[PDB]
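Engineer: Let me begin by handing over the structure; questions about it come next.
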Amino acid sequence: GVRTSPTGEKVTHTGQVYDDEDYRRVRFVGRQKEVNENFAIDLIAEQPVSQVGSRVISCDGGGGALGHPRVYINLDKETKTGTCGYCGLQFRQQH
Amino acid sequence: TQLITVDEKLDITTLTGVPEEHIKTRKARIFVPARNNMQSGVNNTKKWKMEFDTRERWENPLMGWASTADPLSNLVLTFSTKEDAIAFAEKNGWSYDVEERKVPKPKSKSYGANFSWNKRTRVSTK
Amino acid sequence: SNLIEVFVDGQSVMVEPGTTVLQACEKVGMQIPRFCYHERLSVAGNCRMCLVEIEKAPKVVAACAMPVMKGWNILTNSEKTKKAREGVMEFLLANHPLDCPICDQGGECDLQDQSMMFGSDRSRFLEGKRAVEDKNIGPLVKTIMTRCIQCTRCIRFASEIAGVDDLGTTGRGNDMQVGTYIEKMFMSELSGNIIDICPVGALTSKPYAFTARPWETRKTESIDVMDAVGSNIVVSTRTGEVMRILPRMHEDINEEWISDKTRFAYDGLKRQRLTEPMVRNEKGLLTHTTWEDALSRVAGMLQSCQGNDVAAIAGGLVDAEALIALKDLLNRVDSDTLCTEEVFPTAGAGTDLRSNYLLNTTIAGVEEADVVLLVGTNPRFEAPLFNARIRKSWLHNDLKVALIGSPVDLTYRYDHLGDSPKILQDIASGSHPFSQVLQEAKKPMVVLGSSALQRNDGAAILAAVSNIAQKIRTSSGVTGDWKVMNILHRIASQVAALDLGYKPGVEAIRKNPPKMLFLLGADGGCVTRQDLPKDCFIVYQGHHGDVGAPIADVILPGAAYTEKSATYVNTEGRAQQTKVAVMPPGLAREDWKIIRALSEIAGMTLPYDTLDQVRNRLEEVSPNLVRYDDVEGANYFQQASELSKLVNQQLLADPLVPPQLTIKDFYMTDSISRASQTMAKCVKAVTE
Amino acid sequence: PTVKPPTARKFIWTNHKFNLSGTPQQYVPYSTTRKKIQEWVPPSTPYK
Amino acid sequence: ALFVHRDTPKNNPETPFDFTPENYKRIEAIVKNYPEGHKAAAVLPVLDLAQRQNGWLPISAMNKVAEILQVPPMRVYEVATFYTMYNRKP
Amino acid sequence: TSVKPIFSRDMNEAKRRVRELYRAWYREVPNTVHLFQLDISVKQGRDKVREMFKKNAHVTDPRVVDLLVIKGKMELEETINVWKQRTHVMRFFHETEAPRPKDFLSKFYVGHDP
Amino acid sequence: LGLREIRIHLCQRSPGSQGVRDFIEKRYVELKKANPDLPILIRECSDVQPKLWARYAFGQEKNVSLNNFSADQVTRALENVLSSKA
Amino acid sequence: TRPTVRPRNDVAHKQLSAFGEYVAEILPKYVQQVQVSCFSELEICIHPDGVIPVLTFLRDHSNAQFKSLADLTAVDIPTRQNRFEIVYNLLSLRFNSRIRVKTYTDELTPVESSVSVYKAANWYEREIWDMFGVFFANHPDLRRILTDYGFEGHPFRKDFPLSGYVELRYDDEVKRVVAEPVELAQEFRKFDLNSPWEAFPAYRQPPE
Ligand code: SF4
Ligand code: SF4
Ligand code: FES
Ligand SMILES: [K+]
Ligand SMILES: [Zn+2]
């Protein structure tokens, strides 16, 4: 979900864009500002919330030893989902 | 004889190759560094340290990196006693300031004080 | 002496009876590992990491709790001591989450460090771990309770030091959870210090969260200026940017704590900042300019002044270097009218004797008193670690506290005598029962807060309180070494300004208003443009644009307390120097550099060039502003008592009401805190 | 990759680009953080 | 089964709880069993009395025990979650 | 305060060695300006030699000035034998460096350095 | 044009400040009653020598060392400072 | 303690302790300490007036025959008043053994050059002049060996900064490689890595 300043410059997933009166836009004159158009904050929002029947879930990001350190997430709050701290996949107790 | 007598003050500022700006404008700080209150270990409070005053760090126009012009901005020296650090600062012509070692004063700890009969020092829970 | 001889690994040490095993091993330089023992909290004995072998004893003892008996040989490095340490570290790492990379405690964790030192290097735990529901205890302390090792430093801090009694353990067994049990917002004035003493990342700093990491931070040891306590701090920075503020241990001030304002107002230090000199353009608007233009337009008006044509107001956050700089600059113009915002009465002795404007006993001397009388102050929010020291004396020494003023909450219990100042006449006449409580006390203590001196009868309140203090000290069982009369300040610049000889309060400017006004950080709004003449030439020198920078004609952007080495004197008279952590942003300079450059542009150049020459001048004006971390005692209470009897100023009938009643009024006091978004979230959290 | 294809993802480049150095499509570096210190904005109203 | 509290409309500090006057006399008889200055020692009986009048413990019986015994409410919450007889659900 | 010397027993032999090193540099300067084909005059290089000798004139320790004479003989040996290039000889003349602010006011204007 | 402030520095425990202490224990109050609109800043410190700073008009500060004086010598030097106004 | 722990060599420890007693009692005029490490390396800490009489002994004595100078080293330790620690590493090919001869000096005291014993030392102690500033008396050709020709200061001194004080660049105005005061586009980031918990209780120093 890349957006654009009034200067025409693309805003990154950080939120970085130069000011209009900043001289350092001259480095992109005749060249391009390389941004990545796959924003991870939007791509993890696209993932569905996993309904599990347990009270404590374990996440390793998939792949076993190719993901992250395995963590255990508590699902006793019903207002909030249980979000993994590494991969951002969020879980919910189904009851 | 084979030994001469030099009753002058020990000064080696002409031999260290340090420019004048980084001798006569710097303020060395001789100090025992405080314990990080994130932790309870005290092994970093055991020795004296000599550092210098921080100079300007600015933004690199290309990357935003911390550009410096202070060569002595990373120089931290380790000394066993205060007087060794003072002698090393005086030998190099560094004007210094010394902070005294702040050891914690001893406490009075009583586990039974948590459960007293008439004193306010009872714990309300345990 | 009654010292008993014990042995640590064979080496003898002589200890007082009541010394624990941990302290006995401390006396020979060995630190027994611990998680729940804290030397400023009570002994819990419930992490079992300090289990150590006493020889000829087939059981490990809790070294934090077990007192030494005579003749014990403590085996801190023996086989079963190390087996006990590895077993206890194994149980601590059984259910602890694999969160070290996503944790703010990584690299500064006790559990990591003494797992590397005293535990095993691998797991036998083949089960699934627990996961604990997190809590919301405020906008300051991020809570991840899965990391909690259940050591109850939460509870001992919030009970004993913070005086809150609202953290505790619910549940039982492995399901035991530290929390408030309800959706409760733990916002004390010392609520961020549980971020310190939590050994794990269960309680982290929510503003500091994720931004830095401890090994890459440079540690600059500096001074708090958010009040007049003078808390020693560490400004930890990273690549020229302030990351956070930690406490330093100082046994006589702040023991190892800081307030929430100190801990979390460093982000107002990066908003609303004055970075370039500003002058008024042809349309009457502040526009950016160079230093040459701004210093010339100030110095051309300074050359056209003489006498009472020029005056100065000193704000709440100004170091003694800039204070004596601007004093010398205005004394070249023959102007004595240099003022502070905070009003101290000039009646009687005034600011001549230091003893009638200091915390003369000490911050440490609260531990030696038996009766403390707090007059007109709410010291929980005016000097929160001074109130922490009163609470520690209340807890461990059975201190009797009475308050004359509005019935505020002080986290302990006191004798509320009432809020009228005529009670001060009743105690000094013996008609009040607390007067006999003062007379039969060996070490009395009378603390008149400097916010009560902001009233119009502040000279009369000071005279009545000093009348009480000299009624007690000249007659009762006070030796002479003990100091009774004490004044608690709320402004870090105030005591250093009074030692240099400023005229406190702006009545010297309200008397005859000048046509040119310097404002060293003067953001209290005490003198606005309705008090000045039609076109006064107002110069603001400071680091934030809050109050005085809009009304200024020329803005001189200065340095903050993290941006200069700078002498600040606390409420007890101790002078203390800050250190340069970062440099001022943009074109802003150090404050006395600006005043000295203004003196050279004006042609009234001052006899200093370096900071050492400023401090030689500062020693010339009073020689105790350069002897750092020293409390110089001030005598001559009897002479100021005799001078205070000259004017019979009347006590007003208005009740003694401090301006900071609840936690709502604590977070935003000066221009750094008002610019702080963290203080904004704290106010928004406590007003709902 | 005809026999054992690579595992597909929604973020892998469907169009492989060659070395763009020397072209107007080349990489220009920049600080990907925002501004640290915020400056004071003076009031746009007069002061009399 | 939980040991945190969430405010439901049937369990909140606005749930009505008050002792009967015979229960206040029973509470005074309980408090007179303990030394002066240790009124907190009546936390476990009186709270159990608050379970006998009501059948369970909402978070108004815990706060009422905390109010009439002059103890902090967390020190009653700890007792009500530590011991297995105190029904924190109806 | 009884230390082992380097070459000199007191300051008089030390000043003798300083003086002979100065003679050797003074004789060497025209050869250095010729064979490095420096764009300075001979008088300018001799003024630089006088400057480098007056910079260390405050020293009263015989061992310290013996080491200064030893390092000056090393620099002279690197000069006579063509071991330095033209660049190493012209590094005594800080010619690409802009002149530093000296008084208080210009140092105030440029930055934060004292 | 006139005297603006007086600064008296001294020690708490040094014998050389003793007469200066004897000046303030006995003779400061009737001094301060004689000069109500004059700041006479008494500054005690740990190991300083006695000293008498007198700031006059336009930043001029004269200095008189008061080391090893009696109370009468401090009185005479201070009344010379008061009657000087230079 | 078999698989992951280094095996202790008690035979070599006893032999090196005996030969250390031997050297300490043959040469008591200069030997100040003799110590043997737990991994069995013998150090003979001597007085700096006996650099030549000790080293000529170990090179020539029939029970020593340390015919090889493996390495010669200085170590800057600024907390000592004699901050430089000159370290000789010697190899006896006859007895298949190594010894370490340690001594000390400050900036101003000269050490006698050991080229009269080991000509191998001709560059090594010359490097000690270049990197540390220790002067060696009666050296054949003592000058710099590793630094640039106009280099001011001795770099391996611990008060000398990591980057220097100057840096080079080509300047096309003067058509010359020039030196300027050092400015780094990114500063070297200093990492405070030391844990506050004691790592080795055997090496604990007694407190004050
Ligand atoms: S609290 Fe310590 S052990 Fe636990 S995840 Fe954080 S750094 Fe690791
Ligand atoms: S949150 Fe931290 S301080 Fe509190 S009990 Fe748990 S580990 Fe201890
Ligand atoms: S430290 Fe003694 S048991 Fe926790
Ligand atoms: K923590
Ligand atoms: Zn995950």
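No Cβ is skipped: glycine too gets one built from the backbone with ideal geometry, and neighbour counts run over all protein chains shown. None of the figures in this text is laboratory data; all of them are computed from the coordinates on show.
Engineer: May I ask you to order C:121-127, C:252-258, B:26-32, C:592-598 by the average number of other C-beta atoms within 10 Å around their residues, highest value first?
Structural biologist: Details: C:121-127: 7.9, C:252-258: 24.0, B:26-32: 20.7, C:592-598: 25.9.
Result, highest mean first: C:592-598, C:252-258, B:26-32, C:121-127.
Engineer: Here's another thing I want to ask about it. Among the listed pairs F:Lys73/H:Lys102; C:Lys400/E:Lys25; C:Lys142/C:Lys681, which have their C-alpha atoms separated by more than 24 angstrom in this model?
Structural biologist: With Cα atoms farther than 24 Å apart: F:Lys73/H:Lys102; C:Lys400/E:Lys25.
Engineer: Separate question: On a straight-distance basis, which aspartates and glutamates could pair with D:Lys48 in a cross-link, Cα separation under 16 angstrom, same-chain partners fewer than 8 positions away excluded?
Structural biologist: C:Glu282, C:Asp531, C:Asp535, C:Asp553
Engineer: Kindly rank H:154-160, H:2-8 from highest to lowest mean number of other beta carbons found within 10 Å of each residue.
Structural biologist: H:154-160, H:2-8
Engineer: Still on this structure: Going by how many other beta carbons lie within 10 Å of each one, how would you line up A:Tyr18, H:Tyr22, A:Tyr23, fewest first?
Structural biologist: A:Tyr23, H:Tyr22, A:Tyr18
Engineer: Related question: What average count of beta carbons from other chains do you get within 10 Å of the Cβ of residues in A:66-72?
Structural biologist: Mean partner shielding for this stretch: 4.
Engineer: Also, quick follow-up: Taking only Cα atoms, what is the 0 to 90° angle, nearest 10, from helix B:82-91's long axis to the longest principal axis of chain B?
Structural biologist: 20
Engineer: Of the listed pairs A:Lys77/C:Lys261; C:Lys219/D:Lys35; B:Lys27/C:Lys593, which have alpha-carbon separations greater than 21 Å here? Don't jump to the answer; show the numbers that get you there.
Structural biologist: Working: A:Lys77/C:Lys261 32 Å; C:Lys219/D:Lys35 23 Å; B:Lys27/C:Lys593 17 Å.
Pairs exceeding 21 Å: A:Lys77/C:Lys261; C:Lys219/D:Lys35.
Engineer: Next question. So which DSSP H runs in chain H come out at 20 Å plus along the axis (Cα) with average Kyte-Doolittle of at least 0.0?
Structural biologist: For chain H, where a helix must reach 20 Å along its axis and average at least 0.0, the hits are H:10-26.
Engineer: Based only on other Cβ atoms within 10 Å, what is the fewest-to-most ordering of B:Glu90, G:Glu44, E:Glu14?
Structural biologist: Sorted ascending by nearby Cβ count, the order is E:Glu14, B:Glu90, G:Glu44.
Engineer: Can you give the alpha-carbon Rg of region H:123-208 over 2.2 N^0.38 Å, where N counts its residues? Don't skip to the end; give the middle numbers.
Structural biologist: Working: Rg = 19.7 Å, N = 86, 2.2 N^0.38 = 12.0 Å.
Dividing the Cα Rg of region H:123-208 by 2.2 N^0.38 Å gives 1.65.
Engineer: Under the definition of partner shielding as Cβ atoms of other protein chains within 10 Å of a residue Cβ, what is the mean value for peptide B:88-101?
Structural biologist: For peptide B:88-101, the averaged partner shielding equals 2.
Engineer: For region C:583-688, I need the span (max minus min coordinate) of the C-alpha atoms along each principal axis, in Å, sorted largest to smallest.
Structural biologist: Reported extents, whole Å, longest axis first: 51, 49, 31.
Engineer: Then there is this: Is there a pair in C:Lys515/C:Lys564; B:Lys46/B:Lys107; B:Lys82/F:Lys55; F:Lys55/F:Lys102; B:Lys47/H:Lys190 whose C-alpha atoms are over 28 Å apart, and which pairs would that be?
Structural biologist: In this structure, C:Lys515/C:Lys564; B:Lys82/F:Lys55 exceed 28 Å between Cα atoms.
Engineer: Within straight cross-link reach of C:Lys645, meaning Cα distance under 21 Å, which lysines are found once same-chain residues fewer than 8 apart are removed?
Structural biologist: C:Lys422, C:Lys471, C:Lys483, C:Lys503, G:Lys26, G:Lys32, G:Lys33
Engineer: Counting C-alpha atoms alone, how compact is chain C: give Rg to one decimal and Dmax as a whole number, in angstrom.
Structural biologist: 27.5, 90
Engineer: Using a Cα-Cα cut-off of under 16 Å, which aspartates and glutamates could be cross-linked to C:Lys56, ignoring same-chain neighbours fewer than 8 residues away?
Structural biologist: C:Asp9, C:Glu79
Engineer: Could I ask something else about it? Quickly rank A:52-62, C:215-225 as a protection proxy: mean count of other C-beta atoms within 10 Å, highest first.
Structural biologist: On the way: A:52-62: 15.5, C:215-225: 22.5.
Descending mean neighbour count gives C:215-225, A:52-62.
Engineer: Where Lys and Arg each count +1 and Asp and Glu each count -1, what net charge lies around E:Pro58 among other residues with Cβ under 13 Å from its Cβ?
Structural biologist: +2
Engineer: Continuing with this model, one more query. Taking each residue of E:80-90 in turn, how many C-beta atoms of other protein chains fall within 10 Å of its C-beta, and what is the average? Display every interim value, and only then the final one.
Structural biologist: On the way: counts 2, 9, 7, 1, 1, 0, 0, 0, 0, 0, 0.
Counting other chains' Cβ atoms within 10 Å and averaging over E:80-90 gives 2.
Engineer: Please list, in order along region G:46-59, the HN-Hα scalar couplings obtained from phi with the Karplus expression 6.51 cos²θ - 1.76 cosθ + 1.60 (θ = phi - 60°), rounded to whole Hz, x for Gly and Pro.
Structural biologist: 7, 9, 7, 7, x, 6, 9, 9, 10, 7, 9, 5, 6, x
Engineer: Continuing with this model, one more query. Short version: what are the Cα gyration tensor semi-axes of chain G, square root of 5 times each eigenvalue, largest first, in whole Å?
Structural biologist: 21, 14, 11
Engineer: What would the Debye formula give as log10 I(q)/I(0) at q = 0.05, 0.07, 0.09 Å⁻¹ for the alpha-carbon point model of the protein assembly as shown, no solvent?
Structural biologist: For the protein assembly as shown at q = 0.05, 0.07, 0.09 Å⁻¹, log10 I(q)/I(0) is -0.50, -1.00, -1.52.
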